[PDB]
Amino acid sequence: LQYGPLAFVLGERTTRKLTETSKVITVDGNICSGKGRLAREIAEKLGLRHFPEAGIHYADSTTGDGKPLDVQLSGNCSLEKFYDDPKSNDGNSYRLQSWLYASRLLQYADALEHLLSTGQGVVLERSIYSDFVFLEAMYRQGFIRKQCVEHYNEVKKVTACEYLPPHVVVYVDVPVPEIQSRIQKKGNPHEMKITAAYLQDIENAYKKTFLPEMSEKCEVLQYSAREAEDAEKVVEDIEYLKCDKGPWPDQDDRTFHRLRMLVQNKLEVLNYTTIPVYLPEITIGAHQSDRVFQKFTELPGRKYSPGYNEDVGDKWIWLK
Amino acid sequence: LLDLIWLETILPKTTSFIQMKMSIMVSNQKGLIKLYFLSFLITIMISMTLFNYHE
Amino acid sequence: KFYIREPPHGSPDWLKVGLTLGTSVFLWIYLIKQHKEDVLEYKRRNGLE
Amino acid sequence: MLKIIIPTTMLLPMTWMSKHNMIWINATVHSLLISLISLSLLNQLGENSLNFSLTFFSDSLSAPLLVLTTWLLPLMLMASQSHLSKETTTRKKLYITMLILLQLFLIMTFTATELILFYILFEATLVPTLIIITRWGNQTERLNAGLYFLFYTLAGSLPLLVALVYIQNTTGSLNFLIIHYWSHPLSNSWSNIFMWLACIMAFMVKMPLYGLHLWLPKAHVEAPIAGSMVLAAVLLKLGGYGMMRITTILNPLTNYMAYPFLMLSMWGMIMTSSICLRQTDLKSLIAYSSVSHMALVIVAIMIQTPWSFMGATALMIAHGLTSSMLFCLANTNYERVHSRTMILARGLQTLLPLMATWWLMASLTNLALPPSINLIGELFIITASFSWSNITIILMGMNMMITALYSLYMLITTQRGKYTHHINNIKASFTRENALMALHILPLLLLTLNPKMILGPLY
Amino acid sequence: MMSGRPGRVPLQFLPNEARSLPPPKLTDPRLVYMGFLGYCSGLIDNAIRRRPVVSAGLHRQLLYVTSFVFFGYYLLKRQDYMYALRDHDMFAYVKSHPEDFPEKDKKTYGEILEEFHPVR
Amino acid sequence: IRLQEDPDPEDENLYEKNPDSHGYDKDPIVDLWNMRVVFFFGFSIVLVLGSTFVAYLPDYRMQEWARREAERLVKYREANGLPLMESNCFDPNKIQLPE
Amino acid sequence: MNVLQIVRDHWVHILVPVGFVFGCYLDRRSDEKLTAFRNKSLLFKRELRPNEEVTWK
Amino acid sequence: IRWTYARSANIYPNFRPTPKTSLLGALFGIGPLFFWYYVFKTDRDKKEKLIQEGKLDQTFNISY
Amino acid sequence: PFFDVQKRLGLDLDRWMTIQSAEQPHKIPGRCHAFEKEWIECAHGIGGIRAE
Amino acid sequence: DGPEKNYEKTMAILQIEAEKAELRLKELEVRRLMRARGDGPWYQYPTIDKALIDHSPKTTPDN
Amino acid sequence: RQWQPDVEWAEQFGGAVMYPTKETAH
Amino acid sequence: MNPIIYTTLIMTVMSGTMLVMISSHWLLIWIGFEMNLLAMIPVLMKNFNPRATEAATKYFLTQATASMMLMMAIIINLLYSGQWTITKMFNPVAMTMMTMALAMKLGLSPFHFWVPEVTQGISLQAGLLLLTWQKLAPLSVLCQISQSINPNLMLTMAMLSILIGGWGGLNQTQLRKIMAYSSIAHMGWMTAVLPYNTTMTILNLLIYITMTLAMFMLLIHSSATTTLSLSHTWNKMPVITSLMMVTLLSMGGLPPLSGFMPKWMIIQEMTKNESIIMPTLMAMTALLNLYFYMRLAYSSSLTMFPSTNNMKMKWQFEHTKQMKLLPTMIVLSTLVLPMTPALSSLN
Amino acid sequence: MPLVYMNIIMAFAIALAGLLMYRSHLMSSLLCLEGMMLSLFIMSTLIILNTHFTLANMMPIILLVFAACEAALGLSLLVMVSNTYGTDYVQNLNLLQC
Ligand SMILES: Nc1nc2c(ncn2[C@@H]2O[C@H](COP(=O)(O)OP(=O)(O)OP(=O)(O)O)[C@@H](O)[C@H]2O)c(=O)[nH]1
């Protein structure tokens, strides 16, 4: 039985399993700051599950086998246009951020379902309260006009108020001249095109709005790169923390019923990601949306609700 | 003049405008509770005595 | 197979469906028996036969 | 009539679960089969209407309209094949469902026994056409088109409902057979005038009548082609079938209050035909032509003469085949030129030989060459109107002359003259729309051989 | 027109008195139409639930039609019972009150003066 | 360009890739089959046999019976010195006139 | 020769013909419902011959 | 398209209730109907007044 | 009652206070006991239309 | 089929609808006078039941 | 392509009251 | 609100209404109204938005005033009759006081400026429960007391409801607001036939219950509250809005959809009572109701509206909620005309 | 129908009038709401005491039981409207005009 109001009436609670072991945490590091290494290192030793950074195609993993869908049918945008030419009228830049926003909604949403249905904490790579950092850095570098930006907070506030900040987070500190060397050292051709001021804008927003407003919702564990490669001290302090300050203790079972109810069904989770506000980077044409909505239909599995698509198996349909 | 100027002005557009014009005054209620219940009082009072629906 | 997570209706609920045919036949033979006994209740109430 | 009703509704499951490419073939072939079965309805006795069932009956008035609907249904099926190719299968089946549902309501309407049952399916045709006009239209205005067409018909429909239910409480029944057989004179009491009125404007708003016609130019010129034929060919005639029915009891009132509508109509077609002569859009002419042709029918019913009723029936069927042809003809040109401006594509005889013919007798049937049924209906109206009043002759005679004036005018301004050299997309005329016109025209001459089947029960 | 008639036991779907009436025939077109309502309801169910419409789970579909015919059956039995009651108080009250419904003699067409309005 | 919409596709002509087609649909084999079956059903027995059906219909409104019965009492009126047809459809004796 | 496709393609094609005969079945399921005056109209009051026992069916 | 749009759409948005327009609306409106109303009413009244006492030529007219 | 469950279920819920001549505690009669007793006994089963 | 099809069919249909027509008119007036007079099987508006009244001796003798 | 609602067509009734006036202007 | 308390809170509302429809004592009827009001105010402000507080508040003062007036009208009836039974009112002032006392609960005449924004402020869930269930109790009282009703007052109550309800809906965008005025429009239709045949308003109630139910849980599935927000559902859920067309047409009474059955059957009954001018009137003014239905129909899927690129992963996910009887409710809300004579089951 | 009936009936009218003329206070509005309850309770008490409707003497009690029940509801609603909007004048809750 899926957790509905019936289970709570039966007595199904999640505060019983909500303990010190249910820490939903994520390493909010800079670009190529080794945050993924630090996050996974926490995962193996603290016993927490790992959530890879929800990309443009993580939602494709949430629905079906997980193969990245086509760009036009899984975002209408892609990352190479962001890095190569971050200035055009099509606005691939914000279409990335708007789509990438909803990916971390799900990544945190599935993080909830893990530790409210089992009580087992998770690890991620950044989270919902990190996407504004990129978007703020997006505006200062002249990427997409502020009309998208001011709509972003309106959407952000109405898709995260019901959402409870994580238990702790980790901020890996890597100097920005070194990061520009690091992105140049990797060799990804799209990484060459990145402006150096973008990386420090990420670093600035990390220590200007995220870290200050995060301090009262989770513990500050700002660790330098010299403090990041060693995988122990970054997790002993987590155990030696308190998990006292924050809204977690004052969330009784009725909040958790409200929480898991909303996050069990994604439809109202991102119902406010599709605000009736028409924007150049978001308003698909009536004909274009119509065919594209059709285009989503011929894809296998994406014709009926899951468990009913006879094209990809699902035998005994005449009884299901 | 006859068809496209007068006929559609002698029946469709006039009636459409009449509904258009005074649908506003019905629906442009500021929401003050004092004003709403004041209208209740007048309706209550004129229900009898004046209109004598009790007689 | 495509949906890696077990779909909410991945397999039939043999309790749920088995009830559905189980009740449906009940719904029929009740109506069938009721239709007969009403006919027998007819022909003697008015003395038709 | 369930021998027609049952197969017609059986078209729905068949058209809704056919293959993604056979929907056009399947719907066309069995609709034609229904037409052949409906052809057996041409049989009529001396004066007894065929009383198949308690709730269904037909006579020499219902069947010609019945065959017209059933014969028509494959014609929009082939006409819509052109511009419905670029659509999904599910929506395409939805389009077919609307047409079949429209047909099914039409057959029940004509075969209805009492007035209230007739009224229910009569009006019920508004819904399928409302979706057809609005959902599948072409231009922004179609949204305003649907409301104009809906409210206009409804505004007159509701008074009839009040009068109809009032009939049941007074006479005791609404069955047409009893009403005519138990017919009683209607007094001239001031209430009875509105009683007479409430049973009239419902039928004449959708005729349409002069003044109360603006929905006609705002819908037919603007609906999808498939909806355009059924609107003009039959839907306007729904007022005709009702008016011959409702006039059986509304007497002798018709003597007085026919006047305010009579010369409203009598000045009407002459006025409307003048507008047809001076149009700018193609489909606007035929739409304005349809009300002009419909106007003489209004005089035919209202004058209450046996000759006019026969003329009303003949003009009713003849206009349906005609107006469908010209609307189909305009659709053929509009598709290639992506507009309906009259002088946009003048002089196309040099490139469209067979079309130029399909223009030729379609306009000639609009001119009503002898002995086409158009005149047989038209001339009967003239003799009836002249017997009513001699001074009538000048008016509609002048009208059918200004009717003649435009009815060659688009022929001159679409086929006669020189092609437009910048236009280079007039391809070879496809047999589909080509054969569509053949199926339109041959029944007209075939009925010309034996018109005796379409003068109604008064023949 | 009937809730105040004497002997009307409240909250009692079909009176024992009503069993003297013909039960609705199983083939009754009113009844079979209500079966179609169950069929239509089944198709609507699969449409919202994003299921293979016609060919989807028959058990969900077959329950709908089987339910509709049943509640259709007793509704049709109650249908004619009330109509029969309307036709029962019809004639008993007509017989009980004869004077307010007098018998009309015959005054055949050969004697009425009814006129002919000239339709010219 | 706020409304991201594909440009209006140019209308396709049925004869570009299928010159010998009949302008019914894209796939050829059913395009002939469509043409074969509408050209069959339309102008054939629905038209022809339909025309024979109406033309060779049984007595329509019984005008042959009218002529046959008319000739019978035309003789009868002419035989016993009677006008071909009287002025009263209903016998003026049975109608009881008021006053 | 591909027994599945031939029926599957044309199984919908018999729907109208069965409706027709079904349609022709029930409309004449109506005459026996409207028996009433058979050979009782004095215009067509025909004395029943011994060979048959009904005027029309 | 400018001609068609101005001849079809932009007449009402440019239309005005100007007394002149109402004047031509009146004489071409109820005017002609009242013209033909009186003409046909007068013709019918003048025609009808002789039918009821047999002063017309109708002997060879039994079709209508 | 709209849906008379008291009559069908055969129990009393408020048909003990609706009138003044019912079984009052310790048989304390009301002021107009006799006047209403005649009125109710007058129009019992006769119907509201005939009662008025 | 022969005209005796349509002739006798009309006889049945016309008669049946004739009875319905007269019954409909009869129902309109029967309900009309039954509602007004109230001396009929239906339209009997409820009144106070007479079994609720208590007849046992009360405190005061005169009641 | 048949005409379809555009952005400026969506906003015609996109206000708080889809028939505006001076009283509802604020 | 914890789930268990919510259920008992609802059961109290159903019990409060049930007490109204079974009790024969006027005090108990007043109690059933009081329990209904008391258990409902918490339901409206279930989510604790700022709007819901005054939405629930405007509910409270309106209905408390109605309840107090109802109590007063009961008291005068006791004073002049000495009876508590629901038979009729023996003081004309007592009756002429209850009509408005019950009207404000129903929201028919200018005692209606509470209905629109109380629907607007509160959630869609309680909006459905407000506009359908809360009307059985006051209408049940009206049906019982239908004998001694001033026809002049009661007819004017309904005529005003139809006019205002139709007129007000023309200038609404928020779907809840248009539903409230549309419900007010149906209020007059049910109450207009009340003096003549109480069987008819029960039929119209049952049809209106299915209309409002089926319409609302379609709105719940669409998760839309304004016309623009509904417009985008064509991109995601085409069948829901396509079904919404037929319900919208049925709600407007466009036949042969089931919504005609009340409008048709009602008109037949009043013409039996020589009422002709008034039945013609609501036939006319039901059209303005139809207007904003078609505008809703035009904006939903009759014309596909501009979409939002954030809808891709929206199409990737299906609804988890499980509206039941929705496939059933559409059937009764669309096609029951062939079973029209079934109104005699109510009779 | 002596003058005491006039006094409390006319009293209830001013309670009706007082409620239906909200000037600047929800709390004062609720006062008039409970004001109505006095006249109804007092008139009801006079009726069933004068008529010796002994079994109906419970009706004024049951009125009071459901009386304060509403009174509690009114103040509880008044708690939040004053808590989150500061005061209790019934004019600042017009956000539901649209
Ligand atoms: N617009 C946008 N881009 C995002 C978001 N989350 C991740 N990205 C992009 O994801 C890409 C990979 O992130 P990185 O931190 O560089 O990944 P990495 O190299 O694995 O990082 P390390 O583990 O620190 O080495 C970058 O292009 C990010 O900008 C998001 O919410 N919005």
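Residue labels used throughout are counted from 1 along each chain in written sequence order rather than taken from the entry, whose numbering may differ, and residues without coordinates are not included. Lettering for chains starts from A, numbering for ligands starts from 1, and both go in the order in which the items are written. What appears here is a fragment of a larger assembly, so each number quoted concerns just the fragment shown. Hydrogens and waters are ignored; side-chain quantities use all the structure's heavy atoms.

The record names cryo-EM as the way this model was obtained, at a resolution of 3.5 Å.

Below, the discussion takes up the overall build of chain G. Segments assigned H or I by DSSP are reported as helices when at least four residues long, segments assigned E as strands when at least two residues long, and all are numbered from the N terminus. Helices and strands together make up the secondary structure of chain G, namely 2 helices and 0 strands. Radius of gyration here uses only the C-alpha atoms, and the compact-globule reference equals 2.2 Å multiplied by the residue count raised to the power 0.38. Relative to its length of 57 residues, chain G is extended, with a C-alpha radius of gyration of 21 Å against a globular reference of 10 Å. Dimensions of chain G, computed from the C-alpha atoms along their principal axes, are close to 60 × 25 × 15 Å. A buried classification covers 30% of the 57 residues belonging to chain G. Each accessible area is a Shrake-Rupley estimate made with a 1.4 Å probe; only the visible protein chains count as cover when residues are assessed. Surface exposure of chain G reaches about 4300 Å², of which carbon and sulfur atoms provide 67%. Each charge class in chain G was averaged separately, 10 positive and 7 negative side chains, and the resulting centres sit 4 Å apart. A 1.4 Å probe rolled over the protein chains alone gives each residue an accessible area, and that area as a share of the maximum for its type sets the label: buried under 20%, exposed over 50%, partly exposed in between. Working convention for charge: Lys and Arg count positive, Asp and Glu count negative, and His plus the chain ends are omitted. Here the site of a charge means NZ on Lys, CZ on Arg, CG on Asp, or CD on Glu.

Now for the interface of chain L and chain A. Contact between two residues is taken to exist if any of their heavy atoms lie within 4.5 Å; hydrogens are not considered. Contacts between the two partners involve 29 residues from chain L and, on the opposite side, 42 residues from chain A. Note on definitions: buried area is the accessible-area loss of two parts on being combined, 1.4 Å probe, summed for both. When the two sides are added together, the surface that chain L and chain A hide from each other amounts to roughly 3200 Å², 67% of it contributed by carbon and sulfur. Considering only the side of chain L, the residues that lose the most area to chain A are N309, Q316 and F317 of chain L, jointly responsible for 20% of the buried surface there. Every case where a carboxyl oxygen of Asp or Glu lies within 4 Å of a side-chain nitrogen of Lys or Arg is listed as a salt bridge. Linking chain L with chain A are 0 salt bridges, by the criterion used here. Each polar contact in these results corresponds to two N or O atoms within 3.5 Å; when the atoms are within protein, one needs to be able to donate a hydrogen and the other to accept it, and residues that are neighboring in sequence are counted only if both atoms are side-chain atoms. At the boundary of chain L with chain A, the tally comes to 6 residue pairs in polar contact. When contributions to the side of chain L that touches chain A are tallied by element, the ones reaching two or more residues are α1 (3-22), α11 (227-231), α12 (233-236) and α17 (312-315) of chain L. No other element matches the 4 residues that α17 of chain L contributes to the side of chain L that touches chain A. Residue polarity is assigned by list, with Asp, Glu, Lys and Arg as charged and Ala, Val, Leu, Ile, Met, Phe, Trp, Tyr, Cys and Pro as nonpolar; anything else, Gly included, falls into the polar class. A per-class count over the side of chain L that touches chain A returns 13 nonpolar, 12 polar and 4 charged.

Let us now look at the site of the ligand. All names here are of chain A. A cutoff of 4 Å decides nearness: a residue is near a molecule or strand if any of its heavy atoms lies inside that distance of it. The ligand sits among 17 residues. The nearest are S33, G34, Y83, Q97 and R104. At 2.9 Å, a backbone N or O of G36 approaches an oxygen atom of the ligand. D131 places a side-chain nitrogen or oxygen 2.9 Å from an oxygen atom of the ligand. Protein contacts shield 80% of the accessible area of the ligand, which totals 650 Å² for the unbound molecule.

Residues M17 of chain D, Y39, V53 and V54 of chain E together with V3, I6, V7 and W11 of chain G make up a contiguous nonpolar surface patch of roughly 720 Å² in combined accessible area. In terms of residues, the nonpolar patch owes the most to one element, helix α1 (residues 3-10) of chain G, which gives 3 residues. Take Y39 of chain E: it is sitting in helix α1 (residues 29-48). A patch is a set of surface residues, each over 30% in relative accessible area and not in a salt bridge, joined within 9 Å for like charges and within 5 Å for the nonpolar side chains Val, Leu, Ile, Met, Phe, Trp and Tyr.

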